[PDB]
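K.L.:
below you'll find the sequence and an experimental structure to go with it.
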Amino acid sequence: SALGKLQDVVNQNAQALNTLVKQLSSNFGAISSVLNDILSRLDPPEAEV
Amino acid sequence: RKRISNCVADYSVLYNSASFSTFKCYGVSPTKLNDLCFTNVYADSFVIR
Amino acid sequence: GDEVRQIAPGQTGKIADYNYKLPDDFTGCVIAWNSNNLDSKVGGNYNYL
């Protein structure tokens, strides 16, 4: 644990990136979190919401 | 109620049939229905006001 | 009288498909009135196709 100062920076960057990636799985109120799934189910006027 | 499964569904004829006064899809679009795969489909029949 | 919904924009139907379609971003006004007394005929008024 001597290099904890550098390990903290590495861990923080990796964890921020992982959280950014995991945010892609959220619905945010939509019917699905998959763009292809949304586009392959709804027509052009309803998929927009 | 009826569990409709193990079959190929052609919703195009159902959509084209003009006998229906009401035809609303609340999670998909009738045009896109023929391009989707479902695990199981339910059919509920009754006569209402 | 049923096809007024197809006359509304962003819809689907026989008229919306190959008789009369509107843009999804349509701007303007739609106006309708009953023309029974001026178009209906005992024969059937098949002038409208």
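P.N.:
Arrived safely, thanks for sending. Numbers count the residues shown, from 1 in each chain, chains lettered A, B, ... in the order given.
K.L.:
SS state for the residue of chain A found nearest chain B?
P.N.:
Chain B sits closest to residue A:43 of chain A, with a gap of 4.1 Å, by C-beta to the nearest C-beta. Yep, even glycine has a C-beta here, placed from its N, CA and C like the rest. Judged by DSSP: H, G, I helix; E, B strand; the rest coil, the three-state class of residue A:43 is coil.
K.L.:
ok, it touching residue B:32?
P.N.:
Yes: applying C-beta atoms under 8 Å as the test, residue A:43 and residue B:32 come out as touching, 6.6 Å apart.
K.L.:
got the residues of chain A near chain C?
P.N.:
By C-beta under 8 Å from any C-beta of the partner chain, the residues of chain A that approach chain C are A:43, A:44, A:45.
K.L.:
just the buried residues from these, in ChimeraX please.
P.N.:
To isolate the buried members of those in ChimeraX, using 16 or more other C-beta atoms under 10 Å in any protein chain shown:
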select /A:43
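K.L.:
hang on, the earlier thing: name the nearest residue to the residue of chain A closest to chain B, sequence neighbours excluded.
P.N.:
Spatial nearest neighbour of residue A:43, excluding adjacent residues (C-beta to C-beta, 6 or more residues apart in numbering or on different chains): residue B:29 at 4.1 Å.
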